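Written out below as structure tokens is the structure these notes cover.
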Amino acid sequence: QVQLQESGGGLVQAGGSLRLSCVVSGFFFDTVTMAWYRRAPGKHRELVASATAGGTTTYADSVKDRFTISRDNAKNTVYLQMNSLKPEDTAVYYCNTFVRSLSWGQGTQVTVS
Amino acid sequence: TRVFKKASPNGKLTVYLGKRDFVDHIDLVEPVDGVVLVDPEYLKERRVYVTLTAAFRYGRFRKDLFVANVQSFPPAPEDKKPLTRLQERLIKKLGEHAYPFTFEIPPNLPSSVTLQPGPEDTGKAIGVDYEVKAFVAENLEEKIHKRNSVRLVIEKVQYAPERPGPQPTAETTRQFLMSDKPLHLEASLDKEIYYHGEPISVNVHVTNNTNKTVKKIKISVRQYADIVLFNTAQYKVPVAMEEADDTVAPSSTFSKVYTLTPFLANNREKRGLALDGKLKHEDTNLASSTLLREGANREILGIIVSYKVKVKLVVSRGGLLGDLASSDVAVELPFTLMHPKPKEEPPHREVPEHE
Amino acid sequence: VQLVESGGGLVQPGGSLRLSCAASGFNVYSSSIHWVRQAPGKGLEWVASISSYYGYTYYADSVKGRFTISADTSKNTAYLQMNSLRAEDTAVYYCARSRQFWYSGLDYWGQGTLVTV
Amino acid sequence: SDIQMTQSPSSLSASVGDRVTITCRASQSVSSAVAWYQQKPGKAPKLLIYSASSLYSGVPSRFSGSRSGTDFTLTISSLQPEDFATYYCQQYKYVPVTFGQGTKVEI
Amino acid sequence: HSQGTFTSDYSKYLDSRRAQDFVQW
Amino acid sequence: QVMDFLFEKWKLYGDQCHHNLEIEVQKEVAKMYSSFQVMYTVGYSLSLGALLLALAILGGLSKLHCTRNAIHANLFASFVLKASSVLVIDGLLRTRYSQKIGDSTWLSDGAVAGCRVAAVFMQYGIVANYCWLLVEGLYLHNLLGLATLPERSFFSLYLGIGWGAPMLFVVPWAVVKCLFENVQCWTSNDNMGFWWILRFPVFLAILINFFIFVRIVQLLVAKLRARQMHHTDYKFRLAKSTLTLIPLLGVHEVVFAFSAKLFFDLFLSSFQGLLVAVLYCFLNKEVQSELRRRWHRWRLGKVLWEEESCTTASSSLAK
């Protein structure tokens with residue numbers, strides 16, 4: 001009976017900053033790894049950022065040093081920042097566990113201007 | 001295409017399965033392929049094991065018949081088995097943390113077949129089934145909990161051969177009391193390969209040139225299930241039954257055909273009926289025949305399903321009173337009832353779901 | 001294979017019609033039988049289904065209780081007893097066929113008979 | 001909560017042989033239980049594809065279908081003159097089998 | 001029969017008992 | 001007749017009178033012969049149940065189709081008839097004598113009403129007991145000997161030699177039973193010549209079996225060396241059981257015809273039913289093998305029938 005609710009999304013100009021956030025009720029990610037999955041029009045999901053419970057953050061090679069990701073146990077929400085936006089990064093952002101579990105949702109789409 | 005997933009209760013583990021069933025041929029069995037994902041910061045001095053244990057459930061116990069252990073931990077052995085196309089395709093999408101695993105089911109193993117529990121029976125499964133589980137443990141002897149591991153159930157099925165066989169026929173001659181002409185009864189089928197739900201036809205040529213008259217002719221189809229645990233025991237199941245009040249006059253010939261169809265719509269109340277392996281509470285059809293190499297049973301330790309239509313010819317014992325006197329002349333006609341060769345993966349549930 | 005169905009015509013509200021669907025080349029135990037109706041100018045709609053192999057019987061919510069579907073394996077025909085018509089229930093009914101095992105859609109369809117209230 | 005399936009394009013107008021694409025969404029997620037049907041006026045419907053990826057027997061190869069998430073698309077490579085008809089969606093995952101609104105192509 | 005003759009020998013015991021039965025009464 | 005003589009004398013003396021106006025030997029026979037009476041009664045009673053149980057297995061089971069085993073069952077019908085006949089006659093004789101003791105001899109009504117019917121059956125059973133020993137020897141002759149015809153066209157004659165011989169040779173004794181003897185059950189020892197018409201049919205059966213016994217043993221032993229395949233199939237199984245029943249039963253009365261001897265005869269005769277039942281219905285391999293087959297099925301049926309896992313999902317895949 002877990003549901004995925006996330007906020008953030010709109011029309012922003014190149015190299016902007018947003019506050020993509022999500023709340024995960026039900027299951028608690030005290031120890032398991034949280035990841036933020038990326039889509040593409042006509043393509044499949046691909047991983048860009050995954051944060052852990054110990055601060056061991058990792059990022060994809062194509063999205064290396066682009067931004068930072070953070071997590072916080074209180075109110076069990078994780079955050080993700082926009083830095084150095086490029087027009088090829090225009091799709092819907094998904095939040096999910098590293099094992100693709102927890103009732104994959106729909107999210108909201110973000111586009112450059 | 002699409003794949004199958006089985007998420008761990010704690011969310012720190014999952015397994016990816018390309019397809020549920022696995023076709024088992026005469027000599028080789030299709031290998032089991034899959035990829036297991038383990039979350040980071042969870043494999044430090046940790047190992048991942050995947051098993052393909054198969055056991056025959058008893059009720060409420062179980063007896064293991066085939067267990068295989070493969071280690072898909074980040075520590076990898078020097079001897080690495082080749083990766084199939086399906087496993088390699090999942091590596092790119094899932095990521096570099098994906099750890100493929102492979103299995104090799106030995107030949108001459110019982111297929112996934114279950115039995116009807118009954119009216120008053122509980123929900124526990126009585127048949128045999130195949131299980132795939134993934135867990136983390138320091139060693140094999142280490143205990144594995146329930147919420148820290150996955151439980152994926154698979155089935156092994158067989159399909160009808162593409163080569164038609166000889167037409168089945170039976171011959172008999174039962175001599176009556178001391179002085180009488182021989183009784184000749186004939187029974188045959190159009191073919192031995194029948195699909196599930198397809199009608200079955202039997203032809204009878206009986207010529208009774210004797211004083212004794214012929215009572216009603218009995219047509220029945222019986223299912224064989226030789227369940228073996230520590231001793232060999234067979235069971236009887238009249239799936240289809242036909243009543244024919246026709247009679248044959250003495251010193252006269254007869255010839256007629258009968259049509260039947262085996263289904264469990266009228267056999268739900270029966271107990272011990274063999275059915276195909278079910279992953280969930282959804283019901284399946286009658287168990288298909290189990291093809292064997294015929295070289296040697298060698299105590300397969302499972303359930304083998306066989307079908308043969310039986311015709312019974314009861315005599316009225318003409319002459320004296322003989323109210324209770326009756327001799328049953330019967331022959332057996334073996335035949336195979338199996339699913340045809342498919343072109344897509346079957347859905348392991350009722351296609352229109354009542355929900 | 002080809003199948004033909006008939007038994008429809010103009011009726012009055014509250015009437016009862018029995019729809020016969022003759023089937024050739026296949027039986028009812030190895031092939032589920034479904035009835036699909038199409039309103040004039042509207043899309044398709046499923047009303048009832050039958051599967052003699054398992055004995056399952058299903059009906060649509062709009063026709064639940066009214067309609068009883070039965071299959072007679074002796075003559076290999078599909079029968080649908082429909083009662084208590086209103087105006088909104090008029091349409092053309094198609095007696096289609098589907099594979100009971102390895103369901104792959106409604107491969108075979110009937111000729112279609114018009115029902116007028 | 002009955003499943004409602006809707007097709008955005010009410011009707012498509014196209015010449016002969018041009019590429020035409022269609023979409024067909026579903027309110028609830030369906031794994032692969034989607035079948036495509038076509039019918040002509042005064043004629044019975046005919047099945048085109050099943051499971052949204054498989055191809056039926058006896059159908060021209062110009063008919064192709066695919067799925068991506070929750071929507072389902074039917075694409076025709078070359079539009080033959082005989083292909084001008086009305087197309088419908090269908091889902092068979094659950095017993096409330098519901099068809100699409102209906103799309104008609106003409107020229 | 002060998003045992004049959006021995007069974008007939010019991011009749012003397014009953015005959016003796018019958019004489020005692022009349023004597024007792 | 002001793003009791004009847006006393007009653008006749010007492011009645012005559014009483015009417016005439018009105019007109020005028022070793023202890024130890026009885027103790028030994030009563031106590032000792034009681035043990036002998038129960039010594040053979042327990043043997044017949046135990047055999048009576050065993051014969052019925054063995055007959056029930058053959059009739060109840062589906063292996064009755066074969067005539068090789070079915071002929072054994074009808075032989076068992078002779079043993080059960082003889083065993084029951086001895087049991088009933090002992091009870092009725094005990095009942096008749098006990099009634100005369102505590103429960104003046106003409107007052108009792110019914111003494112030998114069932115003795116006559118039981119006496120003829122007891123004599124019928126014993127003569128037919130060795131009559132069916134003859135058919136078994138000759139039937140086995142055409143299984144292990146030279147033959148061409150199947151097990152057919154001879155079953156009609158088998159019933160004509162089993163009960164056929166006690167059908168024209170026992171009925172003359174039935175006439176003699178009431179005529180020239182009529183001694184209160186038609187069973188006595190007045191003349192030894194009347195037994196000659198019973199023992200000779202039995203004696204003829206024994207000697208003709210010895211004619212078969214010598215012929216069958218020499219044919220099997222000579223042919224045993226080359227291609228007999230001993231103990232491999234049912235051919236040798238019947239040889240072991242039949243070839244030991246023929247001489248053991250035959251010589252039982254041969255030495256008797258030619259009280260320590262009495263005990264040995266009754267002890268051996270009581271267990272005859274047990275010996276024939278175990279060799280033909282219990283020690284035989286196919287009946288033993290099939291008997292445990294149903295036991296295995298019964299045992300197997302009892303054990304089988306005794307009275308947050310996340311759901312499976314799916315994901316896309318790139319071609």
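By convention in this document, the chains of the structure tokens carry letters A, B, ... by their order, each chain's residues are numbered from 1, and ligands are numbered from 1 in the order they are shown.
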Check: which chain D residues lie within 6 Å of chain C using only C-alpha atoms, as a ChimeraX atom specification = /D:47,50,99,101-102
Where does chain F meet chain E within 9 Å, residue by residue, with the nearest atom pair and distance in Å to one decimal for each, counting only C-alpha atoms, listed by chain and rising number, as a tab-separated table?
```
residue	atom	partner	partner_atom	distance
F:1	CA	E:11	CA	7.9
F:2	CA	E:12	CA	6.1
F:3	CA	E:15	CA	4.9
F:4	CA	E:15	CA	8.5
F:6	CA	E:15	CA	7.1
F:7	CA	E:15	CA	8.8
F:26	CA	E:13	CA	8.1
F:30	CA	E:10	CA	8.5
F:33	CA	E:6	CA	8.9
F:93	CA	E:7	CA	8.6
F:97	CA	E:14	CA	7.6
F:98	CA	E:14	CA	8.9
F:100	CA	E:14	CA	7.2
F:101	CA	E:14	CA	6.1
F:104	CA	E:18	CA	7.9
F:105	CA	E:18	CA	8.9
F:187	CA	E:1	CA	7.4
F:188	CA	E:1	CA	6.6
F:189	CA	E:1	CA	6.6
F:262	CA	E:2	CA	8.4
```
Atoms kept (C-alpha atoms) for selection, written as a compact mmCIF listing (two decimals), in the first residue's frame:
```txt
# COMPACT_ATOMS: atom_id res chain seq x y z
CA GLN F 1 -27.59 -97.44 23.23
CA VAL F 2 -26.51 -97.83 26.86
CA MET F 3 -28.77 -94.95 27.94
CA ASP F 4 -31.66 -96.34 25.88
CA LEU F 6 -31.48 -98.34 30.96
CA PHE F 7 -34.61 -96.36 30.03
CA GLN F 26 -13.87 -92.77 34.67
CA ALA F 30 -12.98 -87.63 31.50
CA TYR F 33 -9.81 -86.90 26.69
CA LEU F 93 -23.09 -83.98 19.98
CA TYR F 97 -25.38 -84.93 25.60
CA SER F 98 -25.39 -81.80 27.77
CA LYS F 100 -29.53 -85.13 28.61
CA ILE F 101 -27.34 -84.31 31.64
CA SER F 104 -36.43 -90.51 31.30
CA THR F 105 -34.79 -90.17 27.88
CA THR F 187 -21.67 -93.72 11.76
CA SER F 188 -20.40 -96.79 13.62
CA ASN F 189 -17.80 -99.59 13.57
CA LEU F 262 -4.17 -91.35 17.90
```
request  = Would you mind reading off the distance between atom CA of residue 288 of chain B and atom CA of residue 27 of chain C, one decimal, in Å?
outcome  =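 Pair atom CA of residue 288 of chain B / atom CA of residue 27 of chain C returns 19.6 Å.
Of note, atom CA of residue 75 of chain F and atom CA of residue 124 of chain F are spaced 13.6 Å apart.
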inquiry  = Please determine, counting only C-alpha atoms, which residue among C:36, C:17, C:92, C:50 has the shortest atom-to-atom distance to chain B.
reply    = C:50
query = If we count only C-alpha atoms, what is near residue 63 of chain D at a cut-off of 12 Å, once residues fewer than 6 positions away on the same chain are taken out, given as a PyMOL selection string?
reply = chain D and resi 19-22+36-38+47-50+52-57+73-80+83
request  = From the DSSP assignment of the backbone, select every residue of chain A that is helix (DSSP H, G or I), and format the answer as a PyMOL selection string.
outcome  = chain A and resi 61-63+74-76
Can you write out the residues you just picked, keeping C-alpha atoms, as a PDB file, in the first residue's frame?
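Written output follows (again-v9.pdb):
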```
ATOM      1  CA  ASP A  61      29.453   9.208 -16.092  1.00  0.00           C
ATOM      2  CA  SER A  62      27.337  11.271 -18.497  1.00  0.00           C
ATOM      3  CA  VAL A  63      25.994  13.327 -15.568  1.00  0.00           C
ATOM      4  CA  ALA A  74      13.282  13.029   9.101  1.00  0.00           C
ATOM      5  CA  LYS A  75       9.963  13.128   7.206  1.00  0.00           C
ATOM      6  CA  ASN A  76      11.712  10.610   4.856  1.00  0.00           C
TER       7      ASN A  76
END
```
Per-residue nearest contacts of chain F to chain D (12 Å; only C-alpha atoms) as a tab-separated table:
```
residue	atom	partner	partner_atom	distance
F:312	CA	D:31	CA	11.9
F:313	CA	D:31	CA	9.5
F:314	CA	D:31	CA	8.1
F:315	CA	D:69	CA	8.9
F:316	CA	D:69	CA	7.8
F:317	CA	D:68	CA	10.1
F:318	CA	D:68	CA	10.9
```
Using only C-alpha atoms, find each residue in chain B having at least one atom no more than 12 Å away from chain C; report its shortest atom-to-atom pair and that distance in Å (one decimal), rows by chain then rising number, as a tab-separated table.
```
residue	atom	partner	partner_atom	distance
B:194	CA	C:30	CA	11.4
B:195	CA	C:30	CA	8.7
B:196	CA	C:30	CA	6.9
B:197	CA	C:30	CA	4.2
B:198	CA	C:30	CA	5.9
B:199	CA	C:27	CA	7.7
B:200	CA	C:27	CA	11.4
B:259	CA	C:74	CA	10.1
B:260	CA	C:73	CA	10.3
B:261	CA	C:29	CA	7.6
B:262	CA	C:53	CA	8.7
B:263	CA	C:53	CA	5.7
B:264	CA	C:54	CA	6.5
B:265	CA	C:54	CA	4.7
B:266	CA	C:55	CA	8.4
B:267	CA	C:54	CA	9.7
B:268	CA	C:54	CA	9.1
B:282	CA	C:54	CA	11.5
B:283	CA	C:54	CA	8.8
B:284	CA	C:54	CA	8.7
B:285	CA	C:54	CA	8.0
B:286	CA	C:53	CA	10.2
B:338	CA	C:101	CA	11.9
B:339	CA	C:101	CA	9.0
B:340	CA	C:102	CA	10.1
B:341	CA	C:102	CA	10.8
B:342	CA	C:102	CA	8.2
B:343	CA	C:102	CA	9.6
B:344	CA	C:102	CA	8.6
B:345	CA	C:102	CA	8.9
B:346	CA	C:102	CA	6.4
B:347	CA	C:102	CA	8.0
B:348	CA	C:102	CA	10.3
B:349	CA	C:102	CA	10.7
B:350	CA	C:103	CA	9.3
B:351	CA	C:103	CA	6.8
B:352	CA	C:103	CA	9.2
B:353	CA	C:58	CA	10.5
B:354	CA	C:58	CA	8.6
```
Please produce a file of the residues just selected, as a compact mmCIF listing (two decimals), in the first residue's frame, where the atoms kept are N, CA, C and O atoms.
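Okay, again27.txt is ready:
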```
# COMPACT_ATOMS: atom_id res chain seq x y z
N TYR B 194 -3.71 -35.95 -28.31
CA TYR B 194 -4.92 -35.16 -28.13
C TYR B 194 -4.58 -33.90 -27.34
O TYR B 194 -3.91 -33.98 -26.30
N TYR B 195 -5.03 -32.76 -27.83
CA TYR B 195 -4.83 -31.51 -27.12
C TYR B 195 -5.83 -31.39 -25.97
O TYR B 195 -6.86 -32.07 -25.94
N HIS B 196 -5.51 -30.51 -25.03
CA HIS B 196 -6.37 -30.30 -23.87
C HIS B 196 -7.69 -29.68 -24.31
O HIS B 196 -7.71 -28.62 -24.95
N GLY B 197 -8.80 -30.34 -23.97
CA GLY B 197 -10.11 -29.89 -24.37
C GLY B 197 -10.59 -30.43 -25.71
O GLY B 197 -11.78 -30.30 -26.02
N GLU B 198 -9.70 -31.02 -26.50
CA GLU B 198 -10.11 -31.58 -27.78
C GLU B 198 -10.94 -32.84 -27.56
O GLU B 198 -10.68 -33.60 -26.61
N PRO B 199 -11.94 -33.10 -28.40
CA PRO B 199 -12.75 -34.30 -28.22
C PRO B 199 -11.95 -35.56 -28.50
O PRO B 199 -11.01 -35.57 -29.30
N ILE B 200 -12.34 -36.64 -27.83
CA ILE B 200 -11.74 -37.96 -28.01
C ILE B 200 -12.81 -38.90 -28.56
O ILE B 200 -13.96 -38.87 -28.13
N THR B 259 -17.97 -40.39 -28.47
CA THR B 259 -17.17 -39.17 -28.35
C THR B 259 -17.22 -38.67 -26.91
O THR B 259 -18.30 -38.58 -26.32
N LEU B 260 -16.05 -38.33 -26.36
CA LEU B 260 -15.93 -37.82 -25.01
C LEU B 260 -15.00 -36.62 -25.00
O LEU B 260 -14.36 -36.28 -26.00
N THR B 261 -14.93 -35.96 -23.84
CA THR B 261 -14.02 -34.84 -23.63
C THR B 261 -13.65 -34.75 -22.16
O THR B 261 -14.52 -34.61 -21.30
N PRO B 262 -12.36 -34.83 -21.83
CA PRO B 262 -11.94 -34.77 -20.42
C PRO B 262 -11.82 -33.32 -19.95
O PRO B 262 -11.11 -32.51 -20.56
N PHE B 263 -12.52 -32.99 -18.87
CA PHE B 263 -12.42 -31.68 -18.25
C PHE B 263 -12.76 -31.82 -16.77
O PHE B 263 -13.39 -32.79 -16.34
N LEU B 264 -12.33 -30.82 -15.99
CA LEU B 264 -12.52 -30.84 -14.54
C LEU B 264 -13.71 -30.01 -14.09
O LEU B 264 -13.87 -29.77 -12.89
N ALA B 265 -14.56 -29.56 -15.03
CA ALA B 265 -15.75 -28.81 -14.64
C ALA B 265 -16.68 -29.68 -13.80
O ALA B 265 -17.26 -29.21 -12.81
N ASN B 266 -16.84 -30.95 -14.18
CA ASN B 266 -17.63 -31.90 -13.41
C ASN B 266 -16.78 -32.75 -12.47
O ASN B 266 -17.32 -33.63 -11.80
N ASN B 267 -15.47 -32.52 -12.42
CA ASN B 267 -14.56 -33.29 -11.59
C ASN B 267 -13.96 -32.46 -10.46
O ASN B 267 -12.94 -32.86 -9.87
N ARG B 268 -14.55 -31.31 -10.15
CA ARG B 268 -14.02 -30.46 -9.08
C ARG B 268 -14.13 -31.14 -7.72
O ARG B 268 -13.22 -31.04 -6.89
N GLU B 282 -5.06 -19.71 -8.42
CA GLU B 282 -5.78 -19.85 -9.68
C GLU B 282 -5.73 -21.30 -10.15
O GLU B 282 -4.68 -21.95 -10.12
N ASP B 283 -6.88 -21.81 -10.58
CA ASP B 283 -6.99 -23.20 -11.00
C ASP B 283 -6.47 -23.39 -12.42
O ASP B 283 -6.49 -22.47 -13.24
N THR B 284 -6.00 -24.60 -12.70
CA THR B 284 -5.50 -24.98 -14.01
C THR B 284 -6.32 -26.15 -14.55
O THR B 284 -7.32 -26.57 -13.95
N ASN B 285 -5.89 -26.69 -15.69
CA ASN B 285 -6.58 -27.80 -16.32
C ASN B 285 -6.00 -29.12 -15.83
O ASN B 285 -5.19 -29.16 -14.90
N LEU B 286 -6.41 -30.22 -16.45
CA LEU B 286 -5.90 -31.53 -16.07
C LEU B 286 -4.42 -31.65 -16.41
O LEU B 286 -3.92 -31.03 -17.35
N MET B 338 -1.59 -33.74 -24.15
CA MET B 338 -0.62 -32.71 -23.83
C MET B 338 -0.93 -31.44 -24.62
O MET B 338 -1.62 -31.47 -25.64
N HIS B 339 -0.42 -30.32 -24.12
CA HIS B 339 -0.60 -29.05 -24.79
C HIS B 339 0.23 -29.00 -26.07
O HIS B 339 1.30 -29.60 -26.15
N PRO B 340 -0.24 -28.28 -27.09
CA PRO B 340 0.52 -28.16 -28.33
C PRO B 340 1.69 -27.19 -28.17
O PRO B 340 1.85 -26.52 -27.15
N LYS B 341 2.50 -27.12 -29.22
CA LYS B 341 3.66 -26.23 -29.22
C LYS B 341 3.19 -24.78 -29.32
O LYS B 341 2.49 -24.43 -30.28
N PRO B 342 3.53 -23.92 -28.36
CA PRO B 342 3.02 -22.55 -28.38
C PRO B 342 3.96 -21.57 -29.07
O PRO B 342 5.07 -21.93 -29.47
N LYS B 343 3.51 -20.33 -29.22
CA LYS B 343 4.32 -19.26 -29.77
C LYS B 343 4.50 -18.09 -28.81
O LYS B 343 5.10 -17.08 -29.18
N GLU B 344 3.99 -18.19 -27.58
CA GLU B 344 4.10 -17.12 -26.60
C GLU B 344 4.06 -17.72 -25.20
O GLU B 344 3.61 -18.85 -25.00
N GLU B 345 4.55 -16.95 -24.24
CA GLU B 345 4.57 -17.40 -22.86
C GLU B 345 3.15 -17.40 -22.29
O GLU B 345 2.46 -16.38 -22.36
N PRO B 346 2.69 -18.51 -21.72
CA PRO B 346 1.33 -18.56 -21.18
C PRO B 346 1.20 -17.69 -19.94
O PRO B 346 2.13 -17.60 -19.13
N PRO B 347 0.05 -17.03 -19.76
CA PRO B 347 -0.21 -16.34 -18.49
C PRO B 347 -0.62 -17.35 -17.43
O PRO B 347 -1.56 -18.13 -17.62
N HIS B 348 0.08 -17.33 -16.30
CA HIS B 348 -0.16 -18.31 -15.25
C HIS B 348 -1.33 -17.90 -14.37
O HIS B 348 -1.21 -17.86 -13.14
N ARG B 349 -2.46 -17.59 -14.99
CA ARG B 349 -3.69 -17.21 -14.30
C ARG B 349 -4.80 -17.20 -15.33
O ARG B 349 -4.56 -17.28 -16.54
N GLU B 350 -6.04 -17.09 -14.85
CA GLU B 350 -7.17 -16.94 -15.74
C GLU B 350 -7.04 -15.63 -16.51
O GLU B 350 -6.88 -14.56 -15.90
N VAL B 351 -7.10 -15.71 -17.84
CA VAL B 351 -6.89 -14.51 -18.66
C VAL B 351 -7.93 -13.44 -18.36
O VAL B 351 -7.54 -12.28 -18.13
N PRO B 352 -9.25 -13.73 -18.34
CA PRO B 352 -10.19 -12.78 -17.74
C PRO B 352 -10.22 -12.96 -16.23
O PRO B 352 -10.75 -13.95 -15.72
N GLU B 353 -9.65 -12.00 -15.51
CA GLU B 353 -9.52 -12.10 -14.07
C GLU B 353 -10.78 -11.59 -13.39
O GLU B 353 -11.20 -10.46 -13.63
N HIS B 354 -11.37 -12.43 -12.54
CA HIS B 354 -12.59 -12.04 -11.84
C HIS B 354 -12.31 -11.00 -10.77
O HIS B 354 -13.21 -10.21 -10.43
```
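For chain F, the residues within 8 Å of chain B are residues 152, 153, 155, 156, 293, 294, 296, 297, 300, 303, 304, 305, 307, 308, 309, 310, 311, 312, 313, 314, 315, 316, 317, 318 and 319 of chain F, with only C-alpha atoms used to measure distance.
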request  = Between atom CA of residue 69 of chain B and atom CA of residue 102 of chain A, measure the distance and give it in Å to one decimal.
outcome  =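 Distance reported for this atom pair: 28.6 Å.
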Given only C-alpha atoms, how would the per-residue table for chain B near chain A read, listing every residue at most 7 Å away with its closest atom pair and distance in Å to one decimal, sorted by chain and number, as CSV?
```
residue,atom,partner,partner_atom,distance
B:7,CA,A:101,CA,5.9
B:11,CA,A:101,CA,6.7
B:12,CA,A:32,CA,5.7
B:13,CA,A:99,CA,6.2
B:14,CA,A:99,CA,5.9
B:37,CA,A:99,CA,6.4
B:39,CA,A:98,CA,6.1
B:40,CA,A:33,CA,6.9
```
Go ahead and dump the residues you just picked, C-alpha atoms, as a short mmCIF file (atom, residue, chain, number, x, y, z; two decimals), in the first residue's frame.
```
data_model
loop_
_atom_site.label_atom_id
_atom_site.label_comp_id
_atom_site.auth_asym_id
_atom_site.auth_seq_id
_atom_site.Cartn_x
_atom_site.Cartn_y
_atom_site.Cartn_z
CA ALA B 7 11.25 -7.61 -4.80
CA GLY B 11 13.66 -3.58 -0.48
CA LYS B 12 17.41 -4.29 -0.47
CA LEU B 13 17.26 -7.21 -2.93
CA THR B 14 15.50 -8.24 -6.13
CA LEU B 37 20.42 -7.13 -8.00
CA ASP B 39 21.83 -2.77 -3.27
CA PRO B 40 25.17 -1.06 -2.54
#
```
request  = Report the residues of chain D whose backbone DSSP state falls under strand (DSSP E or B), written as an MDAnalysis selection string.
outcome  = chainID D and resid 5:6 11:13 20:21 24:26 34:39 46:50 54:55 63:68 71:76 86:88 90:91 94 99 103:106
